[PDB]
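Engineer: For reference, the file input-v3.cif (mmCIF, C-alpha atoms; chains and numbers go by the auth columns) is included below:
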data_protein
#
loop_
_atom_site.group_PDB
_atom_site.id
_atom_site.type_symbol
_atom_site.label_atom_id
_atom_site.label_comp_id
_atom_site.label_asym_id
_atom_site.label_seq_id
_atom_site.Cartn_x
_atom_site.Cartn_y
_atom_site.Cartn_z
_atom_site.B_iso_or_equiv
_atom_site.auth_seq_id
_atom_site.auth_asym_id
ATOM 1 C CA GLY A 1 -3.095 -8.651 -18.442 0.00 1 P
ATOM 2 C CA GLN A 2 -5.761 -5.947 -18.107 0.00 2 P
ATOM 3 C CA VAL A 3 -4.840 -4.571 -14.677 0.00 3 P
ATOM 4 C CA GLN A 4 -6.464 -1.797 -12.655 0.00 4 P
ATOM 5 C CA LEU A 5 -6.147 -0.794 -8.988 0.00 5 P
ATOM 6 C CA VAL A 6 -9.121 0.973 -7.340 0.00 6 P
ATOM 7 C CA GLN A 7 -8.615 2.416 -3.858 0.00 7 P
ATOM 8 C CA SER A 8 -11.198 2.936 -1.128 0.00 8 P
ATOM 9 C CA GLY A 9 -11.098 4.301 2.386 0.00 9 P
ATOM 10 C CA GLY A 10 -9.238 7.197 3.896 0.00 10 P
ATOM 11 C CA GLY A 11 -10.605 10.604 4.731 0.00 11 P
ATOM 12 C CA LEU A 12 -10.599 12.374 8.104 0.00 12 P
ATOM 13 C CA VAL A 13 -9.433 10.708 11.306 0.00 13 P
ATOM 14 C CA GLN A 14 -8.572 11.875 14.813 0.00 14 P
ATOM 15 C CA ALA A 15 -5.028 11.593 16.133 0.00 15 P
ATOM 16 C CA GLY A 16 -4.722 8.302 17.972 0.00 16 P
ATOM 17 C CA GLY A 17 -7.483 6.706 15.891 0.00 17 P
ATOM 18 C CA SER A 18 -7.515 4.079 13.157 0.00 18 P
ATOM 19 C CA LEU A 19 -8.341 3.746 9.472 0.00 19 P
ATOM 20 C CA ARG A 20 -8.209 0.866 7.016 0.00 20 P
ATOM 21 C CA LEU A 21 -7.375 1.492 3.357 0.00 21 P
ATOM 22 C CA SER A 22 -8.458 -0.829 0.548 0.00 22 P
ATOM 23 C CA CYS A 23 -6.902 -1.431 -2.877 0.00 23 P
ATOM 24 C CA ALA A 24 -9.003 -3.618 -5.175 0.00 24 P
ATOM 25 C CA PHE A 25 -7.094 -5.434 -7.923 0.00 25 P
ATOM 26 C CA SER A 26 -8.807 -6.238 -11.204 0.00 26 P
ATOM 27 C CA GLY A 27 -7.053 -8.501 -13.661 0.00 27 P
ATOM 28 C CA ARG A 28 -5.511 -11.956 -13.893 0.00 28 P
ATOM 29 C CA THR A 29 -3.571 -13.556 -11.034 0.00 29 P
ATOM 30 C CA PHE A 30 -3.329 -11.140 -8.104 0.00 30 P
ATOM 31 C CA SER A 31 -0.836 -13.609 -6.585 0.00 31 P
ATOM 32 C CA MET A 32 1.836 -12.945 -9.217 0.00 32 P
ATOM 33 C CA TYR A 33 2.124 -9.260 -8.150 0.00 33 P
ATOM 34 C CA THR A 34 4.124 -7.614 -5.402 0.00 34 P
ATOM 35 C CA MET A 35 1.776 -5.016 -3.905 0.00 35 P
ATOM 36 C CA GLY A 36 2.964 -1.883 -2.132 0.00 36 P
ATOM 37 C CA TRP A 37 1.652 1.126 -0.256 0.00 37 P
ATOM 38 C CA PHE A 38 3.313 4.535 -0.692 0.00 38 P
ATOM 39 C CA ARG A 39 2.359 7.912 0.719 0.00 39 P
ATOM 40 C CA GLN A 40 2.987 11.508 -0.326 0.00 40 P
ATOM 41 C CA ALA A 41 3.044 14.244 2.363 0.00 41 P
ATOM 42 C CA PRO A 42 3.326 17.935 1.376 0.00 42 P
ATOM 43 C CA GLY A 43 6.917 19.066 0.780 0.00 43 P
ATOM 44 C CA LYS A 44 8.357 15.599 1.369 0.00 44 P
ATOM 45 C CA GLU A 45 9.665 12.821 -0.829 0.00 45 P
ATOM 46 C CA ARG A 46 7.273 10.005 -1.719 0.00 46 P
ATOM 47 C CA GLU A 47 7.596 7.518 1.139 0.00 47 P
ATOM 48 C CA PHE A 48 7.468 3.730 1.006 0.00 48 P
ATOM 49 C CA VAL A 49 5.036 2.426 3.649 0.00 49 P
ATOM 50 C CA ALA A 50 4.633 -1.349 3.283 0.00 50 P
ATOM 51 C CA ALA A 51 4.609 -4.149 0.727 0.00 51 P
ATOM 52 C CA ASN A 52 3.937 -7.853 0.444 0.00 52 P
ATOM 53 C CA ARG A 53 4.356 -10.596 -2.126 0.00 53 P
ATOM 54 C CA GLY A 54 1.683 -12.507 -3.965 0.00 54 P
ATOM 55 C CA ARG A 55 2.210 -15.629 -1.867 0.00 55 P
ATOM 56 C CA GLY A 56 4.560 -14.163 0.742 0.00 56 P
ATOM 57 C CA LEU A 57 4.232 -14.521 4.501 0.00 57 P
ATOM 58 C CA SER A 58 6.676 -11.826 5.677 0.00 58 P
ATOM 59 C CA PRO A 59 5.789 -8.290 4.569 0.00 59 P
ATOM 60 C CA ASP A 60 8.246 -5.407 4.325 0.00 60 P
ATOM 61 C CA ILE A 61 7.190 -2.508 6.587 0.00 61 P
ATOM 62 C CA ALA A 62 8.951 0.862 6.837 0.00 62 P
ATOM 63 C CA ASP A 63 10.449 1.812 10.201 0.00 63 P
ATOM 64 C CA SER A 64 8.381 5.014 10.306 0.00 64 P
ATOM 65 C CA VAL A 65 5.134 3.024 10.630 0.00 65 P
ATOM 66 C CA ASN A 66 6.332 -0.290 12.088 0.00 66 P
ATOM 67 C CA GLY A 67 4.254 -1.273 15.107 0.00 67 P
ATOM 68 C CA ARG A 68 1.331 0.906 13.946 0.00 68 P
ATOM 69 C CA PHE A 69 0.569 -0.068 10.320 0.00 69 P
ATOM 70 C CA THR A 70 -0.083 -3.631 9.111 0.00 70 P
ATOM 71 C CA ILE A 71 -0.768 -5.116 5.674 0.00 71 P
ATOM 72 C CA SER A 72 -2.571 -8.123 4.258 0.00 72 P
ATOM 73 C CA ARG A 73 -4.379 -9.227 1.153 0.00 73 P
ATOM 74 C CA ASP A 74 -7.708 -10.983 0.807 0.00 74 P
ATOM 75 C CA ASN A 75 -7.363 -13.293 -2.175 0.00 75 P
ATOM 76 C CA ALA A 76 -11.101 -14.032 -2.419 0.00 76 P
ATOM 77 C CA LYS A 77 -11.688 -10.287 -2.925 0.00 77 P
ATOM 78 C CA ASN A 78 -8.387 -9.653 -4.743 0.00 78 P
ATOM 79 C CA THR A 79 -7.927 -6.698 -2.411 0.00 79 P
ATOM 80 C CA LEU A 80 -4.883 -5.331 -0.588 0.00 80 P
ATOM 81 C CA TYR A 81 -5.342 -3.624 2.783 0.00 81 P
ATOM 82 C CA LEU A 82 -3.466 -1.206 5.005 0.00 82 P
ATOM 83 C CA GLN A 83 -4.590 -1.035 8.634 0.00 83 P
ATOM 84 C CA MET A 84 -3.351 2.230 10.162 0.00 84 P
ATOM 85 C CA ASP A 85 -3.458 2.394 13.958 0.00 85 P
ATOM 86 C CA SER A 86 -2.291 4.993 16.463 0.00 86 P
ATOM 87 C CA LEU A 87 -2.450 7.631 13.752 0.00 87 P
ATOM 88 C CA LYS A 88 -0.305 10.774 14.115 0.00 88 P
ATOM 89 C CA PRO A 89 -0.486 14.203 12.424 0.00 89 P
ATOM 90 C CA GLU A 90 2.635 13.298 10.424 0.00 90 P
ATOM 91 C CA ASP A 91 0.713 10.393 8.839 0.00 91 P
ATOM 92 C CA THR A 92 -1.365 12.925 6.896 0.00 92 P
ATOM 93 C CA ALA A 93 -0.681 12.267 3.216 0.00 93 P
ATOM 94 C CA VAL A 94 -2.110 10.936 -0.014 0.00 94 P
ATOM 95 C CA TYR A 95 -1.796 7.143 0.109 0.00 95 P
ATOM 96 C CA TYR A 96 -1.295 5.072 -3.048 0.00 96 P
ATOM 97 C CA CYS A 97 -1.246 1.366 -3.731 0.00 97 P
ATOM 98 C CA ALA A 98 0.953 -0.007 -6.508 0.00 98 P
ATOM 99 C CA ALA A 99 1.462 -3.371 -8.205 0.00 99 P
ATOM 100 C CA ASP A 100 4.511 -4.949 -9.798 0.00 100 P
ATOM 101 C CA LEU A 101 4.703 -8.225 -11.692 0.00 101 P
ATOM 102 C CA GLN A 102 6.959 -10.598 -9.817 0.00 102 P
ATOM 103 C CA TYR A 103 8.764 -11.792 -12.963 0.00 103 P
ATOM 104 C CA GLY A 104 11.922 -9.714 -12.692 0.00 104 P
ATOM 105 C CA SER A 105 10.921 -7.634 -9.663 0.00 105 P
ATOM 106 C CA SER A 106 13.153 -7.152 -6.645 0.00 106 P
ATOM 107 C CA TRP A 107 12.348 -8.177 -3.099 0.00 107 P
ATOM 108 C CA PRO A 108 12.226 -6.040 -1.084 0.00 108 P
ATOM 109 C CA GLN A 109 11.178 -3.250 -3.471 0.00 109 P
ATOM 110 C CA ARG A 110 10.859 0.153 -1.803 0.00 110 P
ATOM 111 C CA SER A 111 11.505 2.260 -4.933 0.00 111 P
ATOM 112 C CA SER A 112 8.244 3.593 -6.372 0.00 112 P
ATOM 113 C CA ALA A 113 9.815 3.784 -9.846 0.00 113 P
ATOM 114 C CA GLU A 114 9.893 -0.026 -10.083 0.00 114 P
ATOM 115 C CA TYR A 115 6.125 -0.480 -9.667 0.00 115 P
ATOM 116 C CA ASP A 116 4.185 -0.611 -12.911 0.00 116 P
ATOM 117 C CA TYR A 117 0.541 -0.052 -11.888 0.00 117 P
ATOM 118 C CA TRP A 118 -0.865 2.551 -9.491 0.00 118 P
ATOM 119 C CA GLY A 119 -4.097 3.224 -7.633 0.00 119 P
ATOM 120 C CA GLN A 120 -5.780 6.613 -7.834 0.00 120 P
ATOM 121 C CA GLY A 121 -4.750 7.563 -4.272 0.00 121 P
ATOM 122 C CA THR A 122 -6.719 8.429 -1.171 0.00 122 P
ATOM 123 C CA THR A 123 -6.181 11.388 1.129 0.00 123 P
ATOM 124 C CA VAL A 124 -5.765 10.693 4.848 0.00 124 P
ATOM 125 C CA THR A 125 -5.992 13.767 7.087 0.00 125 P
ATOM 126 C CA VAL A 126 -5.131 13.264 10.765 0.00 126 P
ATOM 127 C CA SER A 127 -6.613 16.003 12.970 0.00 127 P
ATOM 128 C CA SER A 128 -5.518 16.940 16.477 0.00 128 P
#
The structure given in the file should be rewritten as structure tokens.

Structural biologist:
Amino acid sequence: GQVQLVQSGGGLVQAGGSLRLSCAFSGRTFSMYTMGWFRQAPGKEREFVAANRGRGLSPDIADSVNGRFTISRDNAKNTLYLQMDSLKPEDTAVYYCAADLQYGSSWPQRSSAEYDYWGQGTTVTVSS
């Protein structure tokens, strides 16, 4: 399965504003992958943000962003999204999407080490 994840979106945003991140999947059967968002802030551990399953209806969303960040996938475009609302300075980070084949994966899966494929990352900088 030739798999690649290509991210789009991000950049500068004002505190209180909104951004939507994109993660385009190339390869066979998007729906057999658990897809996750992680972020890396300076001096902090890599943080799980949100994840969903190939055909799942109930995503897993970290407490630190619950009520502000939402996730979905568009199967026609084979693309995963992260909608980030009510952005705060502490949301500044490099954001990555990751994919894991659902044969043998855990659910939920908040450990980055268990994801096999990774996007190139996009930097989100929240200004005040």

Engineer: Find the residues around segment 19-24 of chain P up to 12 Å (only C-alpha atoms counted), leave out those fewer than 3 positions away in its own chain, and share them as a ChimeraX atom specification.

Structural biologist: /P:3-16,27,30,35-39,68-88,91-92,94-99,117-126

Engineer: From the list P:93, P:51, P:46, P:58, which residue is nearest residue 112 of chain P when using only C-alpha atoms?

Structural biologist: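 Of P:93, P:51, P:46, P:58, the one nearest residue 112 of chain P, counting only C-alpha atoms, is P:46.
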
Engineer: Given the choices P:31, P:111, P:18, P:26, which gets closest to residue 50 of chain P if the distance is worked out from only C-alpha atoms?

Structural biologist: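 With only C-alpha atoms as the atom set, the closest residue is P:111.
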
Engineer: What gap, in Å, lies between atom CA of residue 105 of chain P and atom CA of residue 64 of chain P?

Structural biologist: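 About the pair atom CA of residue 105 of chain P and atom CA of residue 64 of chain P: they are 23.8 Å apart.
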
Engineer: Find the spatial neighbours of residue 33 of chain P, counting only C-alpha atoms, within a cut-off of 9 Å - ignore same-chain residues fewer than 5 positions away - and output them as a PyMOL selection string.

Structural biologist: chain P and resi 52-55+99-103

Engineer: Can I get the selected residues back with C-alpha atoms, as an mmCIF file, in the coordinates of the input?

Structural biologist:
data_model
loop_
_atom_site.group_PDB
_atom_site.id
_atom_site.type_symbol
_atom_site.label_atom_id
_atom_site.label_comp_id
_atom_site.auth_asym_id
_atom_site.auth_seq_id
_atom_site.Cartn_x
_atom_site.Cartn_y
_atom_site.Cartn_z
ATOM 1 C CA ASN P 52 3.937 -7.853 0.444
ATOM 2 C CA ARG P 53 4.356 -10.596 -2.126
ATOM 3 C CA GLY P 54 1.683 -12.507 -3.965
ATOM 4 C CA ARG P 55 2.210 -15.629 -1.867
ATOM 5 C CA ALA P 99 1.462 -3.371 -8.205
ATOM 6 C CA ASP P 100 4.511 -4.949 -9.798
ATOM 7 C CA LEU P 101 4.703 -8.225 -11.692
ATOM 8 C CA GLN P 102 6.959 -10.598 -9.817
ATOM 9 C CA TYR P 103 8.764 -11.792 -12.963
#

Engineer: How many Å separate atom CA of residue 128 of chain P from atom CA of residue 60 of chain P?

Structural biologist: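 Interatomic distance, atom CA of residue 128 of chain P to atom CA of residue 60 of chain P: 28.9 Å.
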
Engineer: Taking all atoms listed in the file into account, name the residue in P:28, P:17, P:59, P:90 that is nearest to residue 42 of chain P.

Structural biologist: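 Closest residue, counting all atoms listed in the file: P:90.
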
Engineer: To test the calculation: enclose all listed atoms of segment 43-53 of chain P in a box whose edges run along x, y and z, add 4 Å on each side, then state centre and edge lengths in Å to one decimal, as JSON.

Structural biologist:
{"center_x": 6.8, "center_y": 4.2, "center_z": 0.8, "size_x": 13.7, "size_y": 37.7, "size_z": 13.8}
